[PDB]
Amino acid sequence: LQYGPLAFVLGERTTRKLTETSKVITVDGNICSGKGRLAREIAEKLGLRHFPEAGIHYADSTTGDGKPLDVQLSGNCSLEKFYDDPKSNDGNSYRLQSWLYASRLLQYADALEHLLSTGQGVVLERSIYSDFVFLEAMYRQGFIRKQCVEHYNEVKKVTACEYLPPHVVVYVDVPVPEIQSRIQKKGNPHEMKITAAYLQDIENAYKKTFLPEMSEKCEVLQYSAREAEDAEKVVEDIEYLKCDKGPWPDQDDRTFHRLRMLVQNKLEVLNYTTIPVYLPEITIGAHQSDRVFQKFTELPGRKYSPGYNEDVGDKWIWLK
Amino acid sequence: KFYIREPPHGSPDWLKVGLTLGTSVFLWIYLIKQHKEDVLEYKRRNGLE
Amino acid sequence: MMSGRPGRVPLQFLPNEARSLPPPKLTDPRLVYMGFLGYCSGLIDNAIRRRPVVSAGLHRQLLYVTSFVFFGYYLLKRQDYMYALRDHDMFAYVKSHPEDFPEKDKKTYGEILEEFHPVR
Amino acid sequence: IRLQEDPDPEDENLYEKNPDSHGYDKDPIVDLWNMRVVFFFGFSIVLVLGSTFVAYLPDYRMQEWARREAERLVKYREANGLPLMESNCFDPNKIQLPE
Amino acid sequence: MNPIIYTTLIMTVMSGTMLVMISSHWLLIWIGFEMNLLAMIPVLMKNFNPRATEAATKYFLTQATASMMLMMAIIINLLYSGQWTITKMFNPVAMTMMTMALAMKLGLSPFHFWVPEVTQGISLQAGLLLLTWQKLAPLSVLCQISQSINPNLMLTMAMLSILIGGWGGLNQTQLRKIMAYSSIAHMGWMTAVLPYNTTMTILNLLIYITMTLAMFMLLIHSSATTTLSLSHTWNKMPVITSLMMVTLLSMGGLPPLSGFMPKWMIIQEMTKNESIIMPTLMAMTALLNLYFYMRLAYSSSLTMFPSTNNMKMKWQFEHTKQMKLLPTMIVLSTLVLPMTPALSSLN
Amino acid sequence: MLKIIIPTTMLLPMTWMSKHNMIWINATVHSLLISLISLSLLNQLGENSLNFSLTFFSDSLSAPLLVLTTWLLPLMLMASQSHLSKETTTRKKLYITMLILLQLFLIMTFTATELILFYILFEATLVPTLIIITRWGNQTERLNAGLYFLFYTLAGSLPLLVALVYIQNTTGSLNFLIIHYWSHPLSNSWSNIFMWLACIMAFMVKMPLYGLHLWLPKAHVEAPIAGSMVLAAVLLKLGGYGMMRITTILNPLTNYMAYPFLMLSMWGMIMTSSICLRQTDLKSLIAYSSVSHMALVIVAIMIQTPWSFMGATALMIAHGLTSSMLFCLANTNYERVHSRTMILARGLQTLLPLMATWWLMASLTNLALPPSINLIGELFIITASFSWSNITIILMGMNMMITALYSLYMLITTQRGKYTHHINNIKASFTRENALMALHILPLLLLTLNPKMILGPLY
Ligand SMILES: Nc1nc2c(ncn2[C@@H]2O[C@H](COP(=O)(O)OP(=O)(O)OP(=O)(O)O)[C@@H](O)[C@H]2O)c(=O)[nH]1
Ligand SMILES: [Mg+2]
């Protein structure tokens, strides 16, 4: 019995699950700012669900057998290629930027699904609302075409409008030189090619667009790297927040039902990420589209539907 | 198994399978009996037998 | 035409005077096409639902078939009864109105002068 | 890039991997059997046996019967002074003209 | 909306339609139209955007004006006969008023302007309900009063409906507006034979409702409302686009498909009445509908349009919900032509 | 007819249930088997027709057409499997399904005892044909070709539907036998004139009549090879067969209603033969030559003589075989050089000798060289036209002269001269291509031994 009208009619309400700590928390910050530690201890000690940041193969992880698929069939973009040749002619910069935004949309849907179905809160590392920081940073460095930020705005406007913002927006504040030294510390050669202008643009987008605009619909919690290691203090300030801003207080079971209906339907979540706006960086030609779709269909367990794939160990096809 | 999430159609719905088979057998039996009595009713109305 | 016909009781799919006609045979070509329509519906159901179209859910395809045949048999009875009623009324009306349907005086082609049109 | 599209691939030569290619299939065995079934069922059966069947079809248009009937009629008409053929296709006794 | 409240509003729409179809009294028929409109307005505004609000407002204005004209026709009929029974109208101007009111409710050509805008402004489910269920009540009233309609007025409106549905749909890239103009043309086809044989009207209505249900359910399955969005569907679920192509060919009336049956039967019944010019005009005009159906088929199934990179995400996901009776609707809309003599069951 | 129809229907389950690599083998084997069975329909009677059931019948007009259709299916399959080698299994099965559906519709079209059933079956042939052209054609021009073919045919056909139902309402029957035996003379009035036009124009546009033919170059050129084969070989003949059937209710109105059509076809055969002299596309030249032979068929049907009908029947059969052969021959070169331009690949006789021989045979048959059945049909029609009016010999002689000129011109430009220097990919002819030409040409010449099998019911 998937959550539907018949389930909600009888006895399925979400307010009876919602609690004081039934909040969605997004941790944020520049690259190598250490969001991982803050988010993971926040989840572990506040008793929430952690979601590691949405990568290229997040979708591959939430479907099938949970293992990453070939970049050709999923993603069709690289982060090392972006760090090596960010201004390449492939359009790989915005192809990657759109793919990981779609992955973030999927993850936000998945996290709201868990919250609205179990009542447990979640913590995320970045989200749809802080994905634009990288898009603007790439634009200032002259990577994306101006056409390719209008399309991003279109997709974000028509998709992110449907969902509730985080309760708490925790931000870790690290200066550009320290981030640079951490990148030079971990030794990733592709990360080693990140210019200070890119990181500065990211920090500027954070400080001047992201953090102020969360401040009117969520409670924003800023810590620099010194106060971000004390997760006890961070969660103490999390527990002291009133959370009387934004649309979350004025939510009843009628709206939570519609949100659960949208959020459980993954094809409706991703509907507008494939609007017919033909940009060279993301448009796929018909021959390549058909070929790659056939190679995807050839994957084990991917042809018919879950439970109907005998080639992967599925029984009773003729009685299903 | 193979899938991470449990597929909704991973095992047969035994109640639905039994209902489908039973309702089909009843439909066939009812149709056959109706045709038999209908031929009988036609034959006796028309005086054929 | 047939709406205000006398004796025509409402919401009655087969009236009792239909039991005087022969019921359609079980291997009736139209009934078999009804079953074929049900089978195609089952195949298309497998296709849309993303199941193996031929071998998935034999109970479901089977039910498609038997329900289609079940409806088709009664549809055939009603259709045949309507046509029987049509012929019944037509013959009754020709009988009651002999002046409107005269006995045409038959003539042979040896006394009938048909015009010849040459092809040349 | 104007879009992500595969480049136009080069045509495959069936002879390159199969010098003995008959042109039916890339797999030599099914290519051979495609050639065999094509030639057998086309030439050996439909052409030869079909042409023989049409050649020995029983009397078409009943032409032999018509010739025999004409021979009998010509013999009777000539032996009795009757015209070989009358202009009137039908007897003018079973025709009633109008006036 | 609350699922119980939405179910209740749907049931009230159907119960208004049923009140229209089961009443012998003109006041109760008017009541049924009123109830149908009252329950229908919220289902149009289910999504609640300014487009939905404007669609609901235009729908309300046209339907209320038609209802008032219908009541005036009833009152004139009563004034001259004292009769409330739905039967032949005893007054000619009351009959004209009633015919215009019913055509405006149906959306025939001189009163067709609301159909494309309202269909575009509402969701696909609302449009499915609008273009299938809302045709039943006015058409049933028309079939009941068909013996007193002015054939010239009705045939004029039907021919105009066919022409305008053909021409208007030629310019559309929006699937909802294409559906609306196809609906206008099919309503014209229904109402042309209404003076001669109401059984043909019922047959054509059933076939059209089957095709429209199949097409709207395919669109909902595809989540596509523009021709370019539908052009991506091949790269996700090509079965849907091939089924949609055969359904569009059926809508064009191409033999041997089910959509050819109503046209063929209506042409036959019209020629039985010394009507030859009008059926020829109607069949020739329907080639426009077939033209933009074929344009949709070209963009959807017979050719492959460019896809997007984000489509690879959708490949790993199935539909949460499944359209009910869609395989049956598809088979019925395409494959039922050998069963044509069963139309006498509608007698 | 069920012993023919049901095996053809069984091709679909067999095609869809066979292995991915047995598709062509299975379809070819069993379509050849069905063609063998269809030959028994050539056992005809002198006077009556083969009236099997209430719904299907066969006579000397439709039996050769049925044999031609059942024969064309396997040749189609051999022609297709090359360019569709890279396609998916499901899509190959869909292409085969379209071909089988087309054959089944054509088989029932040529045997339908009732005029409206004939109409539906003849209209049904549009759907798989349009699907083939628009889905599996090669160029962007296939879409416009599909639209032209569809809407030309439908603008022709819908008035025919109206006329047929009017005839059924006034006469009481559309049964072919009843229509013949209860034939009424057609009076001279505007009503009857437009009834004649409605009964004739669909078959006119199908043949096609010169002036209504602009869909044919598009459709026969843009279509994949099997589509071109059927369009030239069997689909054009639907107009001639239907015209022969329906002219039995149009007399004596046909005496003067045919004058514009007789003039159009007699001059347009000249016009389209001249167009062939200047066509730069090989497939377009082959498509344009069909218009002239079909114009001859139009004249033969419009003058309504036993000799004209015999010639029209023989000419339809011979043109089907020859035009399909020519399309296949052009397609073999297209699959090598990936272009339809005729002067692209010259001097091919010194690279493909036996294919050059096949080209010479095809050109000779298009020439109507005696005693081929092409020549038999053309000569019978010419004699009937000469009786109709002696002045017809000027135009028909001009047409056969121009036909010789363009046929031999195509032969000379493609096969003779010096080979093109930079074209180094003319691989040797496959056994499949040579067998395709042989199976086109051998039954054509064997028919010369028994010409009455294609001379129609007026023999
Ligand atoms: N282009 C692009 N890269 C992104 C985006 N989101 C994340 N990344 C990359 O994701 C990679 C993973 O490292 P980050 O999550 O940034 O940082 P980290 O190393 O985990 O360190 P902390 O932020 O302190 O947790 C980095 O190389 C980022 O640049 C995005 O929207 N666009
Ligand atoms: Mg992170």
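Chain letters run A, B, ... following the sequence lines, proteins first and then strands; every chain starts at 1.
- Ring to ring, F:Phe430 and D:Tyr15 are close: their centroids are under 6.0 angstrom apart.
- Both the backbone and the side chain of D:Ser21 have a heavy atom closer than 4.5 Å to some heavy atom of chain F.
- When each of D:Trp65, D:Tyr24, D:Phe41 is checked for heavy-atom pairs under 4.5 Å with chain F, D:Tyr24 comes out on top.
- For a heavy-atom cut-off of 4.5 Å, chain D lies close to F:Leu442, F:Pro443, F:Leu446, F:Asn450, F:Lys452, F:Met453 in residues 440-454 of chain F.
- Heavy atoms of D:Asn13 lying under 4.5 Å from chain F belong exclusively to its side chain.
- When all heavy atoms of F:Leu11 and F:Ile100 are compared, the pair lying nearest together is CB-CD1, 3.6 Å.
- For F:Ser429, the part sitting under 4.5 Å from any heavy atom of chain D is the backbone (N, CA, C, O) and nothing else.
- Taking chain F as the reference chain and counting heavy-atom pairs below 4.5 Å, the highest number among D:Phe43, D:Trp33, D:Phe40 is found for D:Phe43.
- Side-chain contact between F:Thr365 and F:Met361 is absent, with no heavy-atom pair separated by less than 4.5 Å.
- One finds no salt bridge joining D:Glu64 and D:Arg67 here, because no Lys/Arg side-chain nitrogen approaches an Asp/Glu carboxylate oxygen to under 4.0 Å.
- Between the side chains of F:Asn434 and F:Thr431, not a single donor N or O lies within less than 3.5 Å of an accepting N or O.
- Counting only N and O atoms by type, the side chains of F:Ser58 and F:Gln44 include a donor and acceptor under 3.5 Å apart.
- Contacts between residues 74-89 of chain F and chain D, counted as heavy-atom pairs separated by less than 4.5 Å, involve F:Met78, F:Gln81, F:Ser85.
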